[PDB]
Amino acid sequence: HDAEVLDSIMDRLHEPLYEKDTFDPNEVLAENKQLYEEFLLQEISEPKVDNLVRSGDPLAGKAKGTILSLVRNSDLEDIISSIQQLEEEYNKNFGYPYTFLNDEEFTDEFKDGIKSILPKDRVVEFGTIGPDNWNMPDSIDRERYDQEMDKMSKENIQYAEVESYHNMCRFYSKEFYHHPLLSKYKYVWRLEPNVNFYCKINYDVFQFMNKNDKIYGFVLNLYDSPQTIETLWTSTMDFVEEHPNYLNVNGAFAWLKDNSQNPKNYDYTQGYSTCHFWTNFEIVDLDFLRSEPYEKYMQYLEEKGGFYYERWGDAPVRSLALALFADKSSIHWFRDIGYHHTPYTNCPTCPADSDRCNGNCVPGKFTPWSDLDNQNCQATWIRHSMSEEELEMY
């Protein structure tokens, strides 16, 4: 990096995007909702690119990709519900395989249940995660963990004292892509139990990613609970000071530094908006996660112990890495993928004579609870992270 370029990136990473007192968060929220609405109420259909791979084209189905779910035996019914919707809106026409992972062994009744609801030719694989690749490591002082998570539960932080949740966040941050079953894939579509898909997708999504050089796909973009991640930003800035060469000059820096809608988030973390891609859905190019900057960052966070001493989610961790170490024009917003996971929905608008969406979601309604409208970070991403080529992609 040219030293001027780097200094300029470092200056932006060390100041708020908006100066104190030059904005009112209520007016910011209103303008952000209007910008969001202008996008969600725009009639769209499919990406406006000429290279889409249709069902039954020679490249259809040929990406090295899998639908991935980390689930418990007890999630069988809820994951089935998700799978049926993903098949109906997408995968029945493309036939990508499913990979299931669990920290316990899957039962035969789990496997049989999954198979009973899929076509006979659909490939399914089931894997167990080795205990050393899941459990709290020896580096952690369990008694400190207990005391930190006591304090945290008084603040009412969800799952603070659920050890499995900590393990999950860490596994989805830094380990899942090392599981042996995934060594043969370049792409994953992450699927969680109890989600909904609303709109038909008539192109191969992995091939779209590959052909248009996208490393990451998302649908929803949110603020996080700052008390789960008290020191994640400050640690991540220490890592970046030690490895400036990992910075991408076209990183999503404004999105990380936007203090205007939720200034108390930014103050609590001492410099991070807390905006993140909401990873319960994600399309991901595993070559990025396997790359030196991502793996080194993961090691650094492992050493800090914040997966256990705090409640660091996979979503902010993945999102910091993507924003700092990759070109933001490589991160695609799948406007067309109508999708819900409680309590939020991406519900796009179709042309009047289209039957592409099934009508089970209300277009543009992010959430039924207007108090949570200020948890939407999508306006920040639209305003600061999308250039002309992204803005005109739908």
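Numbering starts at 1 and follows the sequence shown.
Mean CA B-factor, 293 to 301 versus 183 to 191: the higher value falls on 293 to 301. Once the C-alpha B-factors are averaged per stretch, 320 to 328 and 240 to 248 rank with 240 to 248 first.
Listed residues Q158, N259, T279, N196 were ranked by CA B-factor as deposited; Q158 comes out on top. In this entry, the residue among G130, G127, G113, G217 with the greatest C-alpha B factor is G130. Placement of the Cα temperature factor of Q378 within the chain: lowest third of the modelled residues, per the deposited record.
Split the chain's modelled residues into thirds by C-alpha temperature factor. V71 is in the lowest one.
Remark: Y308 belongs to the highest third of its chain, ranked by C-alpha B-factor as recorded. Placement of the Cα temperature factor of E37 within the chain: middle third of the modelled residues, per the deposited record. Looking at the C-alpha B-factors along this chain, the one for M149 belongs to the highest third.
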